[PDB]
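Enquirer: Take a look at the following structure, please.
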Amino acid sequence: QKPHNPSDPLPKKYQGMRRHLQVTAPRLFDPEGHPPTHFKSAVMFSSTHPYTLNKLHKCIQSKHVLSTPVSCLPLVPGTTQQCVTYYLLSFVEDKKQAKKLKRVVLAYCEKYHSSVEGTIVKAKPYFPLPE
Amino acid sequence: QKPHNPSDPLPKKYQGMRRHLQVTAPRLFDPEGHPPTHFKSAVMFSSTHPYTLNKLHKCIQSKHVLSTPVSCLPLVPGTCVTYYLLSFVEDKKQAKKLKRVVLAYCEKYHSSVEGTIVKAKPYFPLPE
């Protein structure tokens, strides 16, 4: 896979969520300023739906929040009673931003993408994002 | 992006590292014992070399350690792709163990590979 290119315009379908995120969390989606020096935190967004996280991958992108493309979690051996769970990581500066991003994204998703779950994640000393 | 199949055999070229992991950290790579109830921790292994991570994706697999397939990290605005996988483990103790062991091997044979300790608050959304 290859990472998202910010310059690419959003499809119309995704514009609703993006606009909502810009209004609700304007500091995390402010097109101005410099990205944070370190991304010590992230929210893992997960869903059993294979395509719902595509929307999140495209919408949850700015200078202050960087999202991986959609991948999938590993299977728990050797259960057959399970399904594939898909996920992405939305990297942010600190836990404070992560809690905020989770809350805001889930609030939107609880109504329209209810299978989406969020998990606050933390790295030490921070995440190895290419510089 | 399809998850690792534990029922599938390992290609010969990966068997070496798997054997090394089995011998070095037997408690993480042994079929015996009880798998973790929660996976609270992970090691993210990252590298600009995707084929190397494909090796780690297949080799770093057991009932006690669960690695995602290889994906990639986003670019940091204001700039080559960096790839990653997550290896999920039980707690930070296992994560430190896994990181030291994998990086000891990679230090000589795959020097591009980096490891970062990752902690989920409160756990990773893996099934019970």
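Chain labels run A, B, ... following the order of the structure tokens; each chain numbers its residues from 1, and ligands are numbered from 1 in the order shown.
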When the cut-off is 9 Å and we count only C-alpha atoms, which residues of chain A are near chain B, given as a ChimeraX atom specification?

Expert: /A:1-6,34-35,44,46,62-63,66-78,82,84-85,89,91,117-131

Enquirer: With a distance cut-off of 12 Å and only C-alpha atoms, select the neighbouring residues of residue 96 of chain A, excluding the residue or stretch itself and same-chain residues fewer than 6 positions from it, and output the selection as number ranges by chain.

Expert: A: 28, 39-43, 102-103, 120-122

Enquirer: Restricting it to N, CA and C atoms, dump the selection as an mmCIF file, in the first residue's frame.

Expert:
data_model
loop_
_atom_site.group_PDB
_atom_site.id
_atom_site.type_symbol
_atom_site.label_atom_id
_atom_site.label_comp_id
_atom_site.auth_asym_id
_atom_site.auth_seq_id
_atom_site.Cartn_x
_atom_site.Cartn_y
_atom_site.Cartn_z
ATOM 1 N N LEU A 28 -7.413 20.485 14.976
ATOM 2 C CA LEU A 28 -6.864 19.264 14.387
ATOM 3 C C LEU A 28 -6.962 19.240 12.866
ATOM 4 N N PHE A 39 4.444 12.670 16.864
ATOM 5 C CA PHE A 39 3.151 12.038 17.029
ATOM 6 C C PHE A 39 3.300 10.931 18.058
ATOM 7 N N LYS A 40 3.063 11.269 19.319
ATOM 8 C CA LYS A 40 3.226 10.311 20.407
ATOM 9 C C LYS A 40 1.989 9.441 20.574
ATOM 10 N N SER A 41 0.899 9.833 19.926
ATOM 11 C CA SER A 41 -0.378 9.171 20.142
ATOM 12 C C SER A 41 -1.102 8.883 18.839
ATOM 13 N N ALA A 42 -2.143 8.067 18.936
ATOM 14 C CA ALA A 42 -2.982 7.751 17.792
ATOM 15 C C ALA A 42 -4.317 7.196 18.254
ATOM 16 N N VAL A 43 -5.294 7.213 17.360
ATOM 17 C CA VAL A 43 -6.519 6.471 17.583
ATOM 18 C C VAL A 43 -6.574 5.386 16.527
ATOM 19 N N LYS A 102 -10.965 10.803 18.839
ATOM 20 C CA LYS A 102 -11.812 9.652 19.066
ATOM 21 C C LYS A 102 -13.242 10.085 19.347
ATOM 22 N N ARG A 103 -13.400 10.977 20.317
ATOM 23 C CA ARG A 103 -14.726 11.435 20.700
ATOM 24 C C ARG A 103 -15.491 12.007 19.502
ATOM 25 N N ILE A 120 -7.676 4.315 21.716
ATOM 26 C CA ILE A 120 -6.556 5.203 21.964
ATOM 27 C C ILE A 120 -5.289 4.380 22.080
ATOM 28 N N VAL A 121 -4.284 4.823 21.338
ATOM 29 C CA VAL A 121 -2.987 4.172 21.327
ATOM 30 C C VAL A 121 -1.863 5.163 21.621
ATOM 31 N N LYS A 122 -0.786 4.688 22.236
ATOM 32 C CA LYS A 122 0.321 5.548 22.628
ATOM 33 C C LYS A 122 1.652 4.870 22.296
#

Enquirer: Using DSSP secondary structure from the backbone, list all helix (DSSP H, G or I) positions within chain A, as a PDB file with C-alpha atoms, in the first residue's frame.

Expert:
ATOM      1  CA  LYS A  12     -18.268  14.295  -2.703  1.00  0.00           C
ATOM      2  CA  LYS A  13     -19.453  11.440  -0.456  1.00  0.00           C
ATOM      3  CA  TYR A  14     -16.591  12.069   1.951  1.00  0.00           C
ATOM      4  CA  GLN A  15     -16.962  15.856   2.056  1.00  0.00           C
ATOM      5  CA  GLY A  16     -19.751  15.728   4.655  1.00  0.00           C
ATOM      6  CA  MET A  17     -17.612  14.044   7.309  1.00  0.00           C
ATOM      7  CA  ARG A  18     -14.562  16.204   6.514  1.00  0.00           C
ATOM      8  CA  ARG A  19     -16.587  19.391   6.887  1.00  0.00           C
ATOM      9  CA  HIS A  20     -18.040  18.119  10.150  1.00  0.00           C
ATOM     10  CA  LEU A  21     -14.524  17.390  11.427  1.00  0.00           C
ATOM     11  CA  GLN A  22     -13.260  20.827  10.401  1.00  0.00           C
ATOM     12  CA  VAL A  23     -16.091  22.526  12.313  1.00  0.00           C
ATOM     13  CA  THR A  24     -16.042  20.280  15.388  1.00  0.00           C
ATOM     14  CA  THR A  52     -16.392   2.010   5.914  1.00  0.00           C
ATOM     15  CA  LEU A  53     -12.860   2.876   7.048  1.00  0.00           C
ATOM     16  CA  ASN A  54     -12.048   4.121   3.523  1.00  0.00           C
ATOM     17  CA  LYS A  55     -14.158   7.166   4.334  1.00  0.00           C
ATOM     18  CA  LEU A  56     -12.240   7.671   7.584  1.00  0.00           C
ATOM     19  CA  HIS A  57      -8.910   7.266   5.808  1.00  0.00           C
ATOM     20  CA  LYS A  58      -9.757  10.068   3.383  1.00  0.00           C
ATOM     21  CA  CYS A  59     -11.505  12.421   5.819  1.00  0.00           C
ATOM     22  CA  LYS A  95      -3.253  11.740  24.209  1.00  0.00           C
ATOM     23  CA  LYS A  96      -5.264  14.945  24.611  1.00  0.00           C
ATOM     24  CA  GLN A  97      -5.669  15.239  20.850  1.00  0.00           C
ATOM     25  CA  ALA A  98      -6.302  11.482  20.573  1.00  0.00           C
ATOM     26  CA  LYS A  99      -9.158  11.555  23.107  1.00  0.00           C
ATOM     27  CA  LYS A 100     -10.607  14.499  21.216  1.00  0.00           C
ATOM     28  CA  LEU A 101     -10.280  12.869  17.785  1.00  0.00           C
ATOM     29  CA  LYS A 102     -11.812   9.652  19.066  1.00  0.00           C
ATOM     30  CA  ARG A 103     -14.726  11.435  20.700  1.00  0.00           C
ATOM     31  CA  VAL A 104     -15.463  13.589  17.634  1.00  0.00           C
ATOM     32  CA  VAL A 105     -15.136  10.820  15.038  1.00  0.00           C
ATOM     33  CA  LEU A 106     -17.165   8.330  17.063  1.00  0.00           C
ATOM     34  CA  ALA A 107     -19.910  10.917  17.695  1.00  0.00           C
ATOM     35  CA  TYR A 108     -20.328  11.172  13.934  1.00  0.00           C
ATOM     36  CA  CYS A 109     -19.940   7.414  13.468  1.00  0.00           C
ATOM     37  CA  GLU A 110     -22.336   6.393  16.273  1.00  0.00           C
ATOM     38  CA  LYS A 111     -25.118   7.760  14.050  1.00  0.00           C
ATOM     39  CA  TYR A 112     -23.910   6.853  10.553  1.00  0.00           C
TER      40      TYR A 112
END

Enquirer: Which parts of chain A does DSSP call strand (DSSP E or B) when run on the backbone here, written out as a short mmCIF file (atom, residue, chain, number, x, y, z; two decimals) with N, CA and C atoms, in the first residue's frame?

Expert:
data_model
loop_
_atom_site.label_atom_id
_atom_site.label_comp_id
_atom_site.auth_asym_id
_atom_site.auth_seq_id
_atom_site.Cartn_x
_atom_site.Cartn_y
_atom_site.Cartn_z
N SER A 41 0.90 9.83 19.93
CA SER A 41 -0.38 9.17 20.14
C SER A 41 -1.10 8.88 18.84
N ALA A 42 -2.14 8.07 18.94
CA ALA A 42 -2.98 7.75 17.79
C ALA A 42 -4.32 7.20 18.25
N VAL A 43 -5.29 7.21 17.36
CA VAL A 43 -6.52 6.47 17.58
C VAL A 43 -6.57 5.39 16.53
N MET A 44 -6.72 4.14 16.96
CA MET A 44 -6.99 3.06 16.03
C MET A 44 -8.49 2.96 15.80
N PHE A 45 -8.92 3.22 14.57
CA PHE A 45 -10.32 3.03 14.21
C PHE A 45 -10.50 1.68 13.55
N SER A 46 -11.41 0.88 14.09
CA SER A 46 -11.61 -0.47 13.60
C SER A 46 -13.07 -0.75 13.28
N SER A 47 -13.30 -1.66 12.34
CA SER A 47 -14.64 -2.01 11.89
C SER A 47 -14.58 -3.33 11.15
N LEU A 66 -2.65 12.40 10.88
CA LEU A 66 -2.26 11.60 9.73
C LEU A 66 -2.80 10.18 9.87
N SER A 67 -3.52 9.72 8.86
CA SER A 67 -4.12 8.39 8.90
C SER A 67 -3.50 7.41 7.92
N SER A 71 -5.93 -1.34 6.78
CA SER A 71 -5.41 -2.69 6.78
C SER A 71 -6.36 -3.56 7.59
N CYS A 72 -5.88 -4.72 8.01
CA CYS A 72 -6.73 -5.61 8.77
C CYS A 72 -5.97 -6.18 9.95
N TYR A 86 -11.12 -4.87 10.19
CA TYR A 86 -10.27 -3.92 9.50
C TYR A 86 -9.93 -2.76 10.43
N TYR A 87 -8.84 -2.06 10.15
CA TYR A 87 -8.42 -0.97 11.02
C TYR A 87 -7.58 0.05 10.29
N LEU A 88 -7.48 1.24 10.87
CA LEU A 88 -6.47 2.21 10.47
C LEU A 88 -5.97 2.94 11.70
N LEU A 89 -4.85 3.64 11.56
CA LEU A 89 -4.31 4.43 12.65
C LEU A 89 -4.36 5.90 12.27
N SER A 90 -4.94 6.71 13.15
CA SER A 90 -4.92 8.15 12.97
C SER A 90 -3.96 8.74 13.99
N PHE A 91 -2.79 9.15 13.53
CA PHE A 91 -1.75 9.66 14.42
C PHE A 91 -1.97 11.13 14.77
N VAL A 92 -1.74 11.45 16.04
CA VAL A 92 -1.87 12.82 16.52
C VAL A 92 -0.74 13.12 17.49
N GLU A 117 -15.27 1.29 15.75
CA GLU A 117 -14.81 1.41 17.12
C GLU A 117 -13.51 2.21 17.13
N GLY A 118 -13.19 2.79 18.27
CA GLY A 118 -11.98 3.58 18.39
C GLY A 118 -11.15 3.12 19.56
N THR A 119 -9.84 3.08 19.39
CA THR A 119 -8.95 2.67 20.47
C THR A 119 -7.78 3.63 20.58
N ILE A 120 -7.68 4.32 21.72
CA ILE A 120 -6.56 5.20 21.96
C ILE A 120 -5.29 4.38 22.08
N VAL A 121 -4.28 4.82 21.34
CA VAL A 121 -2.99 4.17 21.33
C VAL A 121 -1.86 5.16 21.62
N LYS A 122 -0.79 4.69 22.24
CA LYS A 122 0.32 5.55 22.63
C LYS A 122 1.65 4.87 22.30
N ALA A 123 2.62 5.66 21.84
CA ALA A 123 3.94 5.16 21.49
C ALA A 123 5.02 5.79 22.36
N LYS A 124 6.11 5.05 22.55
CA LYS A 124 7.26 5.56 23.30
C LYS A 124 8.55 5.46 22.49
#

Enquirer: So how many Å separate atom CA of residue 90 of chain B and atom CA of residue 11 of chain B, to one decimal?

Expert: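 Interatomic distance, atom CA of residue 90 of chain B to atom CA of residue 11 of chain B: 26.9 Å.
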
Enquirer: Of the residues A:60, A:65, A:10, A:116, which is the one nearest to residue 94 of chain A, using only C-alpha atoms?

Expert: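 Smallest separation from residue 94 of chain A among the options: A:65.
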
Enquirer: To one decimal place, how far is atom CA of residue 48 of chain A from atom CA of residue 114 of chain A in Å?

Expert: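 We find that atom CA of residue 48 of chain A and atom CA of residue 114 of chain A lie 10.7 Å from each other.
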
Enquirer: Please compute the atom CA of residue 110 of chain B-atom CA of residue 95 of chain B distance, one decimal, in Å.

Expert: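 Pair atom CA of residue 110 of chain B / atom CA of residue 95 of chain B returns 19.4 Å.
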